[PDB]
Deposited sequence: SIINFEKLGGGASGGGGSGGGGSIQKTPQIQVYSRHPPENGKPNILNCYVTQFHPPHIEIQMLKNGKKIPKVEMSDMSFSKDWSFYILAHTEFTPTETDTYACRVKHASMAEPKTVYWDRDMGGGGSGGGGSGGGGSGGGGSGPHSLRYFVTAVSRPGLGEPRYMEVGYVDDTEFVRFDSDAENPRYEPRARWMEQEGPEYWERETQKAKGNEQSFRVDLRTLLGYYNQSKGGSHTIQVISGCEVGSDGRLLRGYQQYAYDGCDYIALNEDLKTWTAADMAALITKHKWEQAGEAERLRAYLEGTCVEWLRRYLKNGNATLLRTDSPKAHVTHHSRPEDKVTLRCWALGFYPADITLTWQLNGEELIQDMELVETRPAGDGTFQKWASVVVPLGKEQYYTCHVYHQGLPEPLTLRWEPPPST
């Protein structure tokens, strides 16, 4: 159960100033890949994973031979610890030897759209809420969202852009909670929504910004609990336009304000004793709810799926070749892939991609290294996953 938020601003706006402000935007990183190994003629799923962008508004199109693919599905949007957003776009497809596919992304951080082609060669716990409020002048009321996570597993979601906004279960095990729980969570969310709507208007003034620009307020609120049931860390962090604004310090008593706008909120919260209110929520209410969700999600939550791995071989200009170590279908996402030459790790020359979702709940990752042609048998790939009884060792097999 997410906390009921206290407004960041004093209420009254103004701050005689317009067209005086705006922060850096973050460029999207893109990966295009199939869910399953690509076999010509076999239906598969093609993914376009877009991460690290800010603001949240983004346009994604998937292309087949240069033409827009009409039926492209989009996952709900989320954001990570660094405040940057991520989303997965996917479409069904049956790959062929000669059909080219690509993913095109339009985002304010870039001058023109970016097209990325599909290259098909060869023991604690935490309850955290990720909150997003995005103003959108002209296009309507601000979009407000509350997303809940038990150990990085999304389990509840409230989105104001739904037809009649309501908290929804995102894991089957939350279906146990009765009507009173959902009703109370839904009403608290709508109350929180109003708080952020007012803060959006107020911070617009604190930063002397134009009235027609879209801005974002984000929050990460929650608790990390040790196996002994004791609070390990409490979180109450805010960002404005993707940059730190204010956060409760580890002492659960004082605040760290990132700029002068935030000092106004800090002073306001110190006088009202907001830190004490959060400390109580973080050490009590948050921990109690986390225990209740862990109980209900028991049989589902702890589970792990070890990576199925293998090595692929690819030509490089002249006497060099690339060995690519693949780790597929694993869960959770945490994993380590390394290449060794003579029992020694070659981290400083490996090429790797950020771990990514297959779209079926599992993850994928690969690490590669360039080696002399004919020396492939001198290298070994090591896959360390928490689901592995023992770290895996693989070699290229011809």
Return the ranges of the deposited sequence not covered by C-alpha coordinates, sorted by sequence position.
-> 123 to 142, 419 to 422
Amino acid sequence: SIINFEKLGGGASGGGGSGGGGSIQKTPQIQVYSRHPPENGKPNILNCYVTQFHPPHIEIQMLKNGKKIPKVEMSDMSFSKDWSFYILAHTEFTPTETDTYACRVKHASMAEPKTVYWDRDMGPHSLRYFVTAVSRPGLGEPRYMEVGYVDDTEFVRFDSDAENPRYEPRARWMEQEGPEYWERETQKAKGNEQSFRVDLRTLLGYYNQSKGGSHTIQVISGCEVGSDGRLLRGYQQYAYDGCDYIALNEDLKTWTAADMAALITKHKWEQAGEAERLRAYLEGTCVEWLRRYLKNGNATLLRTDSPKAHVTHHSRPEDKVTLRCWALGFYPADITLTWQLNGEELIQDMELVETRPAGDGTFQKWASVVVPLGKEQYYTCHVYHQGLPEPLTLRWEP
From here on, numbers count along this sequence of modelled residues.
Avg C-alpha B-factor, entry values, 93 to 101 vs 177 to 185, higher side is 93 to 101
Ranked by mean Cα B-factor in the entry, 340 to 348 and 64 to 72, top stretch is 340 to 348
Sort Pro142, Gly226, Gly273, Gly138 by C-alpha B-factor from the entry and give me just the highest.
-> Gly138
Taking the values exactly as deposited, rank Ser210 by C-alpha B-factor within its chain and report the matching third: lowest, middle or highest.
-> highest
Could you tell me which third, lowest, middle or highest, the C-alpha B-factor of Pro56 occupies within its chain?
-> lowest
Of the three thirds of the chain ranked by Cα temperature factor, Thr362 occupies the middle
Check where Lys42 lands among this chain's C-alpha B-factors and tell me if it's the lowest, middle or highest third.
-> highest
If you rank the chain by CA B-factor, which third does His382 end up in: lowest, middle or highest?
-> middle
